[PDB]
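> how does the following fold in three dimensions:
(chains A, B, C, D, E, F, G and H)
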Amino acid sequence: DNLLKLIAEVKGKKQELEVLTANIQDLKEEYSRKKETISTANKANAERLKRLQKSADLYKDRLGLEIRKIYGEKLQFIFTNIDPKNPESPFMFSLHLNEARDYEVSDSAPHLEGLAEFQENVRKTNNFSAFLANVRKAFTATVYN
Amino acid sequence: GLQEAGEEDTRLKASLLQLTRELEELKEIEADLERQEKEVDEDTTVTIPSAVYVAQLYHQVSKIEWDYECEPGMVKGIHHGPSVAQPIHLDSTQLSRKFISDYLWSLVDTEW
Amino acid sequence: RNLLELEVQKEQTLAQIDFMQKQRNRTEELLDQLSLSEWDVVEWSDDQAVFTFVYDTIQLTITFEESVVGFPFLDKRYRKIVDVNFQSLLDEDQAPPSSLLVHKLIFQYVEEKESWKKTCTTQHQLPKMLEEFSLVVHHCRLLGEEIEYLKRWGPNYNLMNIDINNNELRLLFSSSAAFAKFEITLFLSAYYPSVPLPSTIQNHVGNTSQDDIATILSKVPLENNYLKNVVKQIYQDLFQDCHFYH
Amino acid sequence: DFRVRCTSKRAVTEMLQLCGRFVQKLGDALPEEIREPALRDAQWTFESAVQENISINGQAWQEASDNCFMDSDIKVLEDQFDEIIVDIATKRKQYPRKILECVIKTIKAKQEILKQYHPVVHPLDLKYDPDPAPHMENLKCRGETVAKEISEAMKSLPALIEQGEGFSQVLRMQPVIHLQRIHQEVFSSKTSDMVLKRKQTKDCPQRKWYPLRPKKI
Amino acid sequence: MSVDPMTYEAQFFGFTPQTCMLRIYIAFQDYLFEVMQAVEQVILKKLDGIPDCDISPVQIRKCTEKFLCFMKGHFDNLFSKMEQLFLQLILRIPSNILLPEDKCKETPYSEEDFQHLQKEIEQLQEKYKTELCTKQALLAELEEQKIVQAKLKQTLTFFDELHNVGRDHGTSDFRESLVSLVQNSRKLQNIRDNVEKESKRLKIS
Amino acid sequence: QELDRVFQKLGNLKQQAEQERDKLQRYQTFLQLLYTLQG
Amino acid sequence: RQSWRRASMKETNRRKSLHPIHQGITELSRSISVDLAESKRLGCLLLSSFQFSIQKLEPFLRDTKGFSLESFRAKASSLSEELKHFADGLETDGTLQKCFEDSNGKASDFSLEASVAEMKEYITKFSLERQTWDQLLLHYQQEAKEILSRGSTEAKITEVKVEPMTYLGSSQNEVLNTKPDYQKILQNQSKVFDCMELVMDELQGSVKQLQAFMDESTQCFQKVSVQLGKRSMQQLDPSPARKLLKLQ
Amino acid sequence: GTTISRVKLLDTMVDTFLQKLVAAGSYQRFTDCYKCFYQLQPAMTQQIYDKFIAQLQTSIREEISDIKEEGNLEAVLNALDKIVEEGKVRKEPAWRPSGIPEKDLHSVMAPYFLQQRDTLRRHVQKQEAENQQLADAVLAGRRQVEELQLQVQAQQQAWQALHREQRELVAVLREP
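Numbers count the residues shown, from 1 in each chain, chains lettered A, B, ... in the order given. Sure, the structure comes next:
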């Protein structure tokens, strides 16, 4: 009677706990596969970044030029291996894309008046290689001053 | 079996409490997995645009393609600066960085 | 039922679209097969047509009679030409002598066909005149190419120098192997190479005489590469086995 | 000469002897004492008086003998012979000297004229009608030009050969460099006008020889 | 008898010996006649001196004529003898004796030798002129040879200066320069062929 | 709704057909002028 | 100057006979005219001699005792008349005229005519000899004077060109005959200059061909280099700078 | 005997002639021929005979002396004696005139022609000797001209040898 109702209640509570914990283990398995996928994605992206960093470091080392990004949406170019007395002298200039979708030089090292003379030409020709070759030549001339 | 049914009832409601603790541990694992997923996305997005475009800008500025699978301390590659491309074959073990950089920049065309 | 009918109409429209696109592709292929003529038609209009001959250096402007108002349904083959125009786009300041010679000869032919103002009045005779002109154009351009070839590979055939004055053409042959040096002057015409060339020889060094040159000229057939063949035959007859002495 | 011109001596002698007795007949009247002497003296006187007036062959009686010799012809012939002997002897003695003098004069004159004989032989004039001095100068200028050009060519050709070798070497490492993983990752990717315009319009190589006008602005 | 011309004696003495002999004869007979006539005149004047001269002039003249004939015959004989004496001894020139004027005639000279000598002299006269003309022609030939040699030297120094000019502008040897250029051209042609092949392969692929 | 969507699609296809028909006469008259000029 | 000839002494008078005692006997012929015939002259001379003898004997013997002088003259005249008749008769018979005829004593003559023939031969020979002598003298003197006169007219500047036959007898005939041509060498010099110019033209042409050759080679190299550069460039973006800068 | 002079021979034979003539004219013959007058006065006949002999002999001596005077006989005979005594060596007959002047004059005019021939021979020999040297110079000049021409030909061939290399280069740089 009442005891039968109570044992029926406990049996119901039994298989409900069993089902719920079973779905808990199912979600545990899904979580483990998710974390495995996340970890392997991390490893793959990290290896790709390491290869890219090796290439960029080779470029920076051989050329001496160092390209970095700084706040204010500025791209900072640092030229070294120019001054013979110390090749570690950083000859830096900052280029940034303006509001009008145009490149423009920000500064130099030291304060050099040959800022625009290359920026109009790089705006028109869009020749970055010759632009930076001319910039390096200007820095070299500035060194001997 | 009133008392037996009651003691069994206590046992399984306890089983509910341990399985709910397992569920909350699972939920904190869910938060953990979400934070690593966001970290993956942020990392990849930063890395690939940044590194790929920095390398491509380096190469565009230099017009130089390196031989990455060469022996270390051995500058090898192709210079597209001159009108006729010429092979870069230097040796950093005998040449200073100053000379190497100056020579590499010399081969770059300065004409606008 | 309405939805089914609209779907059937849409399918029929798509089939028509595919059919006309296939027809377009076939038409474009037929064009690409037949875009290999001597002349280029840059512009046509209901009143004016424009043709550009070799490498866009010669402009042929055809000007038609104004279309009659109210009767656009008449045959397009009956349109009346009112003015035929020839123009040269060559930059004479930096043009090489071969280019100037080609343009001079082709305009000599044009002035020879000064009657084209009265001959070509309707659209029927326009293609025939086009062929008549284009043949001479092709021949003259081939002659210019021959001139450039001989200006490049002349010394291989002992032809040291070529000078382009008015229609005369001076070929300077010299070779110390046969101790022969002479200048052959060739009177070129718009009818090259069909018309025989009235050549003359000036013997600078050696005993080379006119008869040998005339025999060599008559030997060479009057066909394409006539000048190149004459040069080759002259080298063969006078210098091929003479230079073998080493 | 009134004396009688006779030719015969014997006849005159004999006729006087015949006339002798005509004178001798006178002696009959002479006295005997002087008969013969006086008569013979008279006879001799008669002979003398008749003989002194007789010329024989143009000569005197006592000079012309009894012989019939042609005395005048003999005398003139002998005189001519002696004169011709003397003349020819003088000629033999004298003429050779003058002959020798004339011979000497002729010999000396011949020697002098032979000495004075001057033959003239002008050398044949060699013609210089083509003067090669401008030709030589032109040849030298051209040879200088080509010498300079050949020196430049031998200097330049090895440089181009080296450049071509380097470019071929670039070509041969281009694929292997392109196969590098790092390289691959880095380099990962109105009026009614019927235009009647076709396709395939480009700057053909023949444009080099046919420069179009820049609209003649 | 043959009369001796005596041309050689006449050439020596200048006169014929017979002339002087006959003049001596006439002088001797004239002197004999003169002396005998003088004696006759003396004897007649002596007869005229004495009275009644019985010696008639006729008788004494006959005696003188006889005595004259006596001397005439004897004188003729003796005079002929002494004329032969002259002609053999005094006026005679020995056959082995030559006059000084004929001293050049001692050696004979045949006419043929004289003609040969004349011909030889004429031939030598011709030869002298021939040799003079030959010498003149040889001088002309030397002058022409000198001119030709001068032209040849001019041409040779032209080549020498041309070679020096070529050397002064790098190329001292054209043949080796051409050989090196040919070799380098072949090498560059090989390089160009390789380059064209690789470029075509890149184009297609 | 489905009928309206199909009608809109049919109208768009008809507009495309009209555009292609207008663009057809271009190459058609082009080609037949090249025929007349070539012969 | 003076040299005696036999003719020089014939003119000198000689005496081959004694002068007679009697004088004027030679004048008896003078007193007789030559108009009479020579026979009459002989008769007159003989008669004159007879009278001269009579008149000479008339006083010679007057001293003799007794002298019939008158009868002597009478008989002398009578005998003179008779002697004139006798002379006339002797003239008539022709024997008186015989004094004018010559005999023929050839017995003593033949040697004399032989000697005269020898003399004629000798004088003819000597006349020919002196004629030849004179001819030789005139020939030689005329030759000498002609040579002298011709030489005097000579000695001017008479240049004579020499014909080749003059050198035929020359000692150096071979050298003269073998004289090489010299103008041909001068022409060959210009020929050599011409052939050098032809070689020069050949050299210029070869240099021009080589120049065009490496020019073409350089153009080919540059074209392939820019093609390779474009092939390398095709993977990159048009501008890495914009993409890098736009990063946030 | 010694060589007696001609004038002395003449004098001796003239004296002998006078002696034999006066011997022929004996006094006994003289008186026999003149017996008519001799019968009257023989003495005066004797002196007149002596006068005749003396006068004739004196006349003969005067004549011979005179003729020797104008005839220049003594000097000519002495010169002849000198000529015969200098030329007595020759025994063979001496030369005599031939009768033809040409052969007589040949001996006279031969030596000078011989001298002229000798002089002309010397002159022509000297000219030939000079012409020998001249011909030697001609030969040397011809040899030098030939050598110079050969040198020019060598230079020409050296410059023309470039043809093989030029044709080889043309072969290397061949037309398309």
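
> please enumerate the helices of chain B.
In order along the chain, chain B carries the following helices (DSSP state H): B:2-62, B:97-106.

> what's the closest of those to residue G:49?
Closest to residue G:49 of the helices of chain B is helix B:97-106 (C-beta to C-beta; 184.1 Å). Just so you know, the C-beta spots here come from the backbone N, C-alpha and C atoms, and that holds for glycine as well.

> next, the angle from that closest one to helix B:2-62.
Helix B:97-106 and helix B:2-62 meet at an angle of 70 degrees, taking axes from the mean of the first three to the mean of the last three C-alpha atoms, to 10 degrees as the criterion.

> packing partners for helix B:97-106?
When contacts are defined as 3 or more C-beta pairs under 8 Å, 6 or more residues apart in numbering or on different chains; DSSP states H and E, helix B:97-106 sits against helix A:2-63.

> which ones are touching residue D:51?
Applying C-beta atoms under 8 Å, 6 or more residues apart in numbering or on different chains to residue D:51 gives the contacts D:12, D:16, D:61.

> ah, wrong one, I meant residue B:41
Taking C-beta under 8 Å, 6+ apart, we find residue B:41 in contact with no residue.

> same question for residue B:80.
Contacts for residue B:80 were tallied using C-beta under 8 Å, 6+ apart; they are B:63, B:64, B:65, G:225, G:228, G:229, G:232.

> tell me the domain ranges of the chain?
I went with chain A, as the question did not name one. Domain assignment of chain A by automatic domain parsing yields the ranges A:1-62, A:64-143.

> hmm, no, I was thinking of chain H.
When chain H is parsed into structural domains using automatic domain parsing, the resulting residue ranges are H:6-86, H:101-170.

> now residue 91. Its backbone dihedrals?
Since you didn't name a chain, this refers to chain A. Its backbone dihedrals place residue A:91 at phi -100, psi 100, with angles given as degrees, to the nearest 10.

> you looked at the wrong chain, it should be chain H
Dihedral angles of residue H:91 (phi, psi; degrees, to the nearest 10) stand at phi -100, psi -30.

> please name the nearest non-neighbouring residue to it.
Distances taken as C-beta to C-beta, 6 or more residues apart in numbering or on different chains put residue E:96 closest to residue H:91, at 5.7 Å, once the chain neighbours are dropped.

> and residue E:155, which of the domains of chain H is closest to it?
Among the domains of chain H, domain H:101-170 sits nearest to residue E:155 (C-beta to C-beta), with 5.6 Å.

> quickly check: the closest one near chain D or not.
Yes - for a cut-off given as C-beta under 8 Å from any C-beta of the partner chain, domain H:101-170 has contacts with chain D, namely H:101, H:104, H:105, H:108, H:109, H:112, H:113, H:116, H:119, H:120.

> which of these are buried?
Listed as buried from the residues of domain H:101-170 next to chain D are H:101, H:104, H:105, H:108, H:109, H:113, H:116, H:120; burial here means 16 or more other C-beta atoms under 10 Å in any protein chain shown.

> follow-up on the earlier one: deepest of the helices of chain B, which one?
Comparing those by mean neighbour count (mean count of other C-beta atoms under 10 Å in any protein chain shown), helix B:97-106 ranks first with a mean of 17.

> so that helix versus helix A:2-63, what angle?
The directions of helix B:97-106 and helix A:2-63 differ by 90 degrees, with the same axes, to 10 degrees as the criterion.

> distance from helix B:97-106 to the middle of the chain?
Its chain's C-alpha centre and that of helix B:97-106 lie 30 Å apart, by C-alpha atoms, centre = their mean, to the nearest Å.

> could you dump that helix to PDB, C-alpha only?
What follows is helix B:97-106, C-alpha atoms only, in PDB (Å, rounded to 0.1, in the frame of the first residue of the first chain):
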ATOM      1  CA  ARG B  97      76.100  42.600 -40.700                       C
ATOM      2  CA  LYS B  98      77.000  46.100 -41.800                       C
ATOM      3  CA  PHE B  99      78.500  44.900 -45.000                       C
ATOM      4  CA  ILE B 100      75.700  42.400 -45.700                       C
ATOM      5  CA  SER B 101      72.900  44.900 -45.200                       C
ATOM      6  CA  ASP B 102      74.700  47.600 -47.200                       C
ATOM      7  CA  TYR B 103      75.300  45.200 -50.100                       C
ATOM      8  CA  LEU B 104      71.700  43.900 -50.000                       C
ATOM      9  CA  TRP B 105      70.400  47.500 -50.000                       C
ATOM     10  CA  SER B 106      72.700  48.400 -52.800                       C
END
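
> can you tell me what sits against that helix?
The set of residues external to helix B:97-106 that reach it, using C-beta under 8 Å, 6+ apart, is A:61-64, A:80-81, A:84, A:87, A:133, A:136, B:62, B:64, B:75, B:79, B:88, B:90, B:92.

> now, those residues that are in strands?
Judged by DSSP state E, strands contain the following of those: B:64, B:79, B:88.

> just checking, the last one touches residue B:76?
Yes - with contact defined as C-beta atoms under 8 Å, residue B:88 reaches residue B:76; the gap is 6.4 Å.

> name the nearest residue to the residue most central in space within chain B, ignoring sequence neighbours.
For chain B, the residue lying nearest the average C-alpha position, counting by C-alpha atoms, centre = their mean, turns out to be residue B:47 (5.6 Å). Leaving out its chain neighbours, the residue that sits closest to residue B:47 by C-beta to C-beta, 6+ apart is residue A:49, at 4.3 Å.

> how about the one you found, what does it touch?
B:43, B:47, B:48, B:51.

> quick one: secondary structure of whatever residue of chain G ends up closest to chain F?
Taking C-beta to the nearest C-beta as the measure, chain G has residue G:238 as its residue closest to chain F, at 31.2 Å. Each residue gets one of three states, and residue G:238 gets coil by DSSP: H, G, I helix; E, B strand; the rest coil.

> what's the local residue count around it?
Residues contacting residue G:238 under the criterion other C-beta atoms under 10 Å in any protein chain shown number 10.

> could you tell me which residues of chain G lie near chain B?
Applying C-beta under 8 Å from any C-beta, we find that chain G lies next to chain B at G:218, G:221-222, G:225-226, G:228-229, G:232, G:236-237, G:240-241, G:243-244, G:247.

> which parts of chain D are helices?
For chain D, applying DSSP H gives helices covering D:9-24, D:36-51, D:71-116, D:133-178, D:181-186.

> tell me the SS of the residue in chain E that chain C sits nearest to?
Ranking the residues of chain E by distance to chain C (C-beta to the nearest C-beta) places residue E:175 first, at 13.0 Å. On the three-state scheme (three-state DSSP), residue E:175 is labelled helix.

> burial of the closest residue to residue E:195 other than its chain neighbours, as a residue count?
Spatially, and ignoring its direct neighbours in sequence, residue E:195 is nearest to residue D:168 (5.7 Å; C-beta to C-beta, 6+ apart). Burial of residue D:168 is recorded as 17 neighbouring residues (other C-beta under 10 Å).
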